Each structure stands twice: as structure tokens, then as C-alpha cells.
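Step one of this worksheet: look at the structure below.
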Amino acid sequence: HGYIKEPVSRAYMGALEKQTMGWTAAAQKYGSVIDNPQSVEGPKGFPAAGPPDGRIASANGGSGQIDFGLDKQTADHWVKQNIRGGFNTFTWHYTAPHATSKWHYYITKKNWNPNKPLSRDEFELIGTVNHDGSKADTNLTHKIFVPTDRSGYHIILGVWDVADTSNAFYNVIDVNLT
Ligand SMILES: [Cu+]
């Protein structure tokens, strides 16, 4: 169980907005993930397997832990944070740092549609971090190259595959790429 803390994952943005907007107004915007941003857990094997199209942001309800709130997708719905193209660091926070096989990071394609549900064919792999099966916290921050051919509203998807289960954690990040 864990989430991407820098940049701020949408899930983690939910937990944050709970503090500023209150429980009801934040849950209206994000769903029940605001209480458990660490629980965006669904089947591993992405992109060939894993959560279905339209259910990637919520990891298909976090396998019963959260609702489908994160699967809403419009140009205006989610808080964007500025990111510059090129090398960037991605830092996960773990509430339970499980044995890990790999992490893998995707960005939306130049022509993606921000007003349609997320589909796996809108995403392109930008880097893989292989791990030895030790706990996730032996490598907290990853250096990933974010394509420089691309700007405006994009989504970075980070995926954390758990070594000893059939699950993974899916964290979408809303970015304004300069
Ligand atoms: Cu966990």
C-alpha cells in the first residue's frame, strides 16, 4: 500500500484536498479514495492485463477498497501541477512497503483525449525500474525521463508491481507539461 507523493498523485491530491475542502466536498470531487490514497490496488500485468479501460485511474475500485471516483475524466476536473520535460524524480510513500518486482511509468500520447475515459492505448511507456524483490522502500525515488516532445495537459501513470501477489498499485498524475 502506497502512493506517489512527489509529484502529487491524483489520489494523494484527494487526501490533500480533504484538509482544505472538507470531507464531503473532497469526496464529491475524488470519491472515497480521499481517506485511503495508498489503496489504488488492482491486478498486475499492465498493459496486456490489469485493470480494464475506463478503470485504470481507480484500479477498478481498488479491489473493493475505494469507489470509482478517480475514473471521471474531463479537461477541467483534476488539479494539474506544473512539470518540465526531461529528467524528473518520482517518490513513492508506502504505508506497507511490500516485496517489489518492478515499477513502470507511462505518459499520455501527444494526441490523447482529456474528455474520454482513460484507455491503455492512450499511454506510452517512458521507463521501467527493475527491482530484486526486496521491499519497496529500498528504492523510494525513481529518475524517469518525461518526453520533451509534448506539452499542455498530460497524465503520467506510475505502476508498482508487488513481487509476491497478483496485484499492483496504479497512480495517475495530472500534469501541465512545459
Ligand atoms: Cu499493501
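Residue numbering restarts at 1 for every chain of the C-alpha cells, chains are lettered A, B, ... in their displayed order, and ligands are numbered from 1 as they appear.
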
Quiz item: Got a sec: who's within 12 Å of residue 27 of chain A, counting only C-alpha atoms, leaving out chain neighbours fewer than 3 positions off, as a PyMOL selection string?
Solution: chain A and resi 11+13-19+21-24+30-36+66-70

Using C-alpha atoms, can you write the selected residues to a file as a JSON list (two decimals), in the first residue's frame?
[["chain", "number", "residue", "atom", "x", "y", "z"],
["A", 11, "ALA", "CA", -5.06, 10.04, -5.27],
["A", 13, "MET", "CA", -4.20, 15.18, -4.15],
["A", 14, "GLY", "CA", -7.56, 13.83, -2.90],
["A", 15, "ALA", "CA", -6.25, 13.26, 0.62],
["A", 16, "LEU", "CA", -4.76, 16.73, 0.48],
["A", 17, "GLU", "CA", -7.97, 18.40, -0.70],
["A", 18, "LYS", "CA", -9.91, 16.72, 2.17],
["A", 19, "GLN", "CA", -7.96, 19.03, 4.52],
["A", 21, "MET", "CA", -12.18, 21.48, 1.13],
["A", 22, "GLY", "CA", -13.54, 19.16, 3.91],
["A", 23, "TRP", "CA", -14.65, 15.53, 3.72],
["A", 24, "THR", "CA", -17.93, 15.96, 1.77],
["A", 30, "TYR", "CA", -12.48, 12.34, -5.83],
["A", 31, "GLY", "CA", -14.70, 9.67, -4.19],
["A", 32, "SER", "CA", -13.74, 7.56, -1.14],
["A", 33, "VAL", "CA", -10.02, 7.46, -2.05],
["A", 34, "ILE", "CA", -9.62, 10.70, -0.03],
["A", 35, "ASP", "CA", -9.35, 8.53, 3.15],
["A", 36, "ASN", "CA", -7.00, 5.91, 1.68],
["A", 66, "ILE", "CA", -12.29, 2.62, -2.86],
["A", 67, "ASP", "CA", -15.09, 3.57, -5.32],
["A", 68, "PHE", "CA", -14.87, 4.63, -8.98],
["A", 69, "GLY", "CA", -14.37, 8.39, -8.27],
["A", 70, "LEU", "CA", -10.93, 8.67, -9.96]]

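Once only C-alpha atoms and all ligand atoms are used for the distance check, the residues close to ligand 1 at 10 Å turn out to be residues 1, 2, 38, 39, 40, 41, 94, 95, 96, 97, 98, 99, 162, 165, 167, 168 and 169 of chain A.
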
Exercise. Could you tell me, as a PyMOL selection string, which residues of chain A DSSP assigns to strand (DSSP E) when given the backbone?
Key: chain A and resi 2-6+41-43+81-83+86-94+100-108+123-130+141-146+152-162+167-177

Any chance you can output those residues with C-alpha atoms as a tab-separated table (two decimals), in the first residue's frame?
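Result saved to result.tsv:
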chain	number	residue	atom	x	y	z
A	2	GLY	CA	1.44	3.32	-1.09
A	3	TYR	CA	1.18	6.29	-3.35
A	4	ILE	CA	3.25	8.75	-5.40
A	5	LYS	CA	3.89	11.74	-3.15
A	6	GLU	CA	6.13	13.84	-5.46
A	41	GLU	CA	-4.68	-1.52	-5.94
A	42	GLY	CA	-5.72	-3.79	-8.84
A	43	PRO	CA	-4.43	-6.73	-10.82
A	81	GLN	CA	0.75	20.58	-11.36
A	82	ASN	CA	3.50	22.01	-13.48
A	83	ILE	CA	6.18	19.70	-14.68
A	86	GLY	CA	13.22	15.80	-19.29
A	87	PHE	CA	14.55	14.07	-16.18
A	88	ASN	CA	12.21	14.21	-13.17
A	89	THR	CA	12.08	12.34	-9.92
A	90	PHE	CA	9.11	10.22	-8.72
A	91	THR	CA	8.97	9.48	-4.98
A	92	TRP	CA	6.54	6.94	-3.51
A	93	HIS	CA	5.33	6.96	0.12
A	94	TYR	CA	4.48	3.48	1.47
A	100	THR	CA	8.62	-5.49	-5.27
A	101	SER	CA	9.37	-6.82	-8.75
A	102	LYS	CA	9.27	-3.55	-10.73
A	103	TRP	CA	7.90	-0.10	-11.24
A	104	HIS	CA	6.85	1.20	-14.67
A	105	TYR	CA	5.89	4.65	-15.85
A	106	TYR	CA	3.73	5.79	-18.80
A	107	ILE	CA	2.67	9.12	-20.27
A	108	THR	CA	-0.29	10.04	-22.43
A	123	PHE	CA	-0.41	5.66	-22.94
A	124	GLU	CA	3.21	5.19	-23.92
A	125	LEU	CA	5.90	3.53	-21.75
A	126	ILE	CA	8.65	6.04	-20.73
A	127	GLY	CA	10.63	3.97	-18.24
A	128	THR	CA	10.98	0.76	-16.23
A	129	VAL	CA	12.75	0.34	-12.83
A	130	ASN	CA	13.53	-3.34	-12.17
A	141	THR	CA	12.59	7.64	-5.68
A	142	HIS	CA	12.90	6.90	-9.40
A	143	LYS	CA	14.60	9.05	-12.12
A	144	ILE	CA	12.36	8.90	-15.21
A	145	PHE	CA	12.74	10.78	-18.49
A	146	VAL	CA	9.50	12.56	-19.36
A	152	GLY	CA	-0.20	21.06	-22.10
A	153	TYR	CA	-2.37	18.67	-20.07
A	154	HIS	CA	-0.97	15.15	-19.84
A	155	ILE	CA	-1.20	12.29	-17.41
A	156	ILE	CA	1.75	10.35	-16.09
A	157	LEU	CA	0.78	6.85	-14.92
A	158	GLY	CA	3.04	5.21	-12.36
A	159	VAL	CA	2.68	1.46	-11.67
A	160	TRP	CA	4.12	-0.52	-8.73
A	161	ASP	CA	4.11	-4.32	-9.19
A	162	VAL	CA	4.13	-6.37	-5.99
A	167	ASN	CA	-1.62	-7.14	-7.57
A	168	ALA	CA	-0.14	-3.74	-8.45
A	169	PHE	CA	-0.80	-0.11	-7.45
A	170	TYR	CA	-1.86	2.38	-10.18
A	171	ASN	CA	-1.24	6.08	-9.66
A	172	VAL	CA	-2.26	8.65	-12.21
A	173	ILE	CA	-0.69	12.09	-12.03
A	174	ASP	CA	-2.23	15.15	-13.72
A	175	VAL	CA	0.45	17.39	-15.17
A	176	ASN	CA	0.84	20.61	-17.06
A	177	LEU	CA	3.94	19.90	-19.14

Self-check item: All helix (DSSP H, G or I) residues (DSSP, backbone) inside segment 13-136 of chain A, as an NGL selection string
Solution: :A and (13-21 or 23-30 or 32-35 or 59-62 or 69-71 or 120-122 or 136)

Those selected residues, please, written with C-alpha atoms and delivered as a compact mmCIF listing (two decimals), in the first residue's frame.
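Listing of out_18.txt after writing:
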# COMPACT_ATOMS: atom_id res chain seq x y z
CA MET A 13 -4.20 15.18 -4.15
CA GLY A 14 -7.56 13.83 -2.90
CA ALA A 15 -6.25 13.26 0.62
CA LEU A 16 -4.76 16.73 0.48
CA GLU A 17 -7.97 18.40 -0.70
CA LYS A 18 -9.91 16.72 2.17
CA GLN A 19 -7.96 19.03 4.52
CA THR A 20 -8.71 22.20 2.58
CA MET A 21 -12.18 21.48 1.13
CA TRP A 23 -14.65 15.53 3.72
CA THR A 24 -17.93 15.96 1.77
CA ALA A 25 -16.65 18.44 -0.81
CA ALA A 26 -13.48 16.44 -1.40
CA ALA A 27 -15.36 13.12 -1.67
CA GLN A 28 -17.70 14.78 -4.14
CA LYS A 29 -14.65 15.50 -6.29
CA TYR A 30 -12.48 12.34 -5.83
CA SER A 32 -13.74 7.56 -1.14
CA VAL A 33 -10.02 7.46 -2.05
CA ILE A 34 -9.62 10.70 -0.03
CA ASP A 35 -9.35 8.53 3.15
CA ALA A 59 -7.53 0.42 -10.39
CA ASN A 60 -11.11 -0.94 -10.75
CA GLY A 61 -12.30 0.34 -7.37
CA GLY A 62 -9.03 -0.53 -5.67
CA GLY A 69 -14.37 8.39 -8.27
CA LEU A 70 -10.93 8.67 -9.96
CA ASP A 71 -12.22 7.29 -13.27
CA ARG A 120 -4.33 1.83 -22.26
CA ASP A 121 -3.80 2.80 -25.99
CA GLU A 122 -3.57 6.45 -24.94
CA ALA A 136 9.71 -1.22 -2.00
